[PDB]
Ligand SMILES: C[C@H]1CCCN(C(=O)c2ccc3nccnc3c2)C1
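One chain is shown next in structure tokens, namely the form deposited without the ligand.
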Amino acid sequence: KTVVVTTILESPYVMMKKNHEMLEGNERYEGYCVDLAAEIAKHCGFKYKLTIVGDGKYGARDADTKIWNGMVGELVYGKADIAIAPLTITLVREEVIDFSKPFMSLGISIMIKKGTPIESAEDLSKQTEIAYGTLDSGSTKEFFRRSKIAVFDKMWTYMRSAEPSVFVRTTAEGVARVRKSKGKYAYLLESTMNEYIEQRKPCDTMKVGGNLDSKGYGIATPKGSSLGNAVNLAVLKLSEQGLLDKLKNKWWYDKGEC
């Protein structure tokens, strides 16, 4: 049985090859998570098919219908065997799906346009001239919605009722907004994506401050799935052999344009 892999188009984890339409199957895609999937499958001894999640979301539970969307939804409702993506390990997700040990570490961070008068979250919360927001339907938004820490609680109170909305549908949208807002918009996003963008032309954004928190991306499988064990062991093995470090360098830094 070919394993169905749900993933998401997010640079540099999964990207369309410049010549996608003249290629087929897995060959259309490239990136950190494409390289990671290849190995995981090799070490676990399975065949797979990469598929981009339909709604383009990571995964959240609708408060009304209680239905899970995104990659999480694909696993919960039996559409996918495994998720290989920058999917954050969280308590609410861990209750409905299984995660491997983290294959990459990260934290919520601040992306600003270079020269923006902001050095930290506390700085953001103490002012109003500079707008700020997060990705919609992600772990970053939930972190702010749920936090009991004063600075973050305050930031959430502003963001949830700010208008027009400070939330974006895609990371790309968030970055575009920072770049076009002449320093009047700051974007809250995971450090890994912040670091990648920082190394790309036009080289006009920058990560400021330390991270607001600390967590990991995990490879996800449906609850109680037989894949979980092998996949978890493969991540540990690839970690120890230095593969993850190698892949980070290849897709983030070896490529640097700034």
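Position 1 is the first residue in the sequence shown; the rest follow in order.
Two stretches are in play, 63-71 and 38-46, and the higher mean C-alpha B-factor belongs to 63-71. Remark: stretch with higher mean C-alpha B factor among 247-255 and 4-12 is 247-255. If you compare the C-alpha temperature factors of 192, 51, 226, 232 in the entry, 226 comes out highest. Residues shown: 197, 220, 33, 208. Highest C-alpha temperature factor in the entry: 208. Annotation for residue 152: CA B-factor lies in the highest third of the chain's modelled residues. Sort the chain's modelled residues by C-alpha temperature factor and residue 118 lands in the highest third, per the entry. Ranked within its chain, residue 111 lands in the lowest third, by CA B factor from the PDB record.
Among the modelled residues of its chain, residue 175 has a C-alpha B-factor that falls in the middle third, as given in the PDB entry. Among all modelled residues in this chain, the alpha-carbon of residue 98 has a temperature factor (C-alpha) in the lowest third.
There is another form of the same protein, the form solved in complex with the ligand; it is not shown, and what comes next is about it.
Checked against the ligand in the deposited bound form, the residues 176, 96, 151, 130 give one hit for a heavy atom within 4.5 Å, which is 130. The shortest heavy atom separation between residue 79 and the ligand in the deposited bound form exceeds 4.5 Å.
When contacts are judged by a 4.5 Å heavy atom cut-off, residue 120 does not count as touching the ligand in the deposited bound form. The ligand is not shown here, and in the deposited bound form it never comes within 4.5 Å of any heavy atom of residue 147. Of the residues in 172-190, those that come within 4.5 Å of the ligand in the deposited bound form through at least one heavy atom are, in sequence order, 182, 183, 184.
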